[PDB]
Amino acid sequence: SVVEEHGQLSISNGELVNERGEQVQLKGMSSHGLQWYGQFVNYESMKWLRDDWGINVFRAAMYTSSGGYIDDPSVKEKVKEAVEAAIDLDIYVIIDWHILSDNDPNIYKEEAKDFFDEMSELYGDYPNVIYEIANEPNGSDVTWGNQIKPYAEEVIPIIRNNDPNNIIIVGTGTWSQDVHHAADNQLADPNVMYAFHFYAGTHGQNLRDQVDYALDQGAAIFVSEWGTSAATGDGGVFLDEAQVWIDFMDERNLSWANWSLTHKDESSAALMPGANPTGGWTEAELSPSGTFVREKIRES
């Protein structure tokens, strides 16, 4: 009864809080690309994650390019399936417009506005929804002030016309790591959070200090994607550094979603090759990454 209990989320003094003003921390899983591993996103697998892992949020990663929504828009119905399952399971759900190779969010901004108009019209009167309008802006030519902020200032009004105050997570520069620039030039909407993403394969001490800098400017931060692997999503599992970041996020009350729920043979994948797409996984069906992430959420 997560959503019944916490209900309407909002941002108060840079912190995510529930409808009674208490701090709340979401912890859950992100799908991998819905165009590739959509079979793992369904009511049964999400219910298994809720009941066995303890998740209270699920992120639907709808890639825009790389065979995603722009090339085949049918994937938006898998996002609707995920949202409806989250509503039925009474957990939160992040609708992620998952830019990556299309590194500037302005590339498909017209399509983004139409997509977020549709999603906010359909689900804007449910408290479960969190909109993530640009996964990972990247590249030297994509900056907060020139590209990302103006993009957000076109897409947020579209959402706000249908849904006045559910949370909106906005990506930051350099694959959603540059929270320092966003925190010094914040958006006006009071229920916005800035995305911060990390990979445990990278030594993270300065990145933690940079998150703290942003928090000190009153910016709210959502760790909408992080992995136990290197920045490519593979290259080994780095659980010592992952635990440092888990503890950091608990101390700072940061919400998070781990990448990712798939059986792909890469270190960040949570499942092994024979895992059932509808849930019920044994210990042997969870990868080293999945076992750790499950433990962290169950401990919570």
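Throughout, we count residues from 1 along the sequence that is shown. Superpose the two forms; the largest set of C-alphas matching within 1.5 Å is the rigid core.
Once the structures in 8 other deposited structures of this protein are superposed via the core, the pair 125-133 and 225-233 is resolved in favour of 225-233 as the more displaced stretch (C-alpha RMS). Relative to the shown model and aligned on the rigid core, the C-alphas in 8 other deposited structures of this protein deviate most, among 234-242 and 270-278, for 234-242.
Look at the C-alpha B-factors of 9-17 and of 274-282. On average they run higher in 274-282. 138-146 and 196-204 differ in mean CA B-factor, and the higher of the two is recorded for 138-146.
Going by the entry's values, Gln210 shows the largest Cα B-factor out of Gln210, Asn185, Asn128, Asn191.
When all modelled residues of the chain are sorted by CA temperature factor, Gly173 is found within the lowest third.
Ranked within its chain, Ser74 lands in the highest third, by CA B factor from the PDB record.
In the PDB entry, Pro164 places in the highest third of its chain by CA B-factor. Split the chain's modelled residues into thirds by C-alpha temperature factor. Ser289 is in the middle one. Per the deposited record, the Cα B-factor of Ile246 falls in the highest third when ranked against the other modelled residues of its chain.
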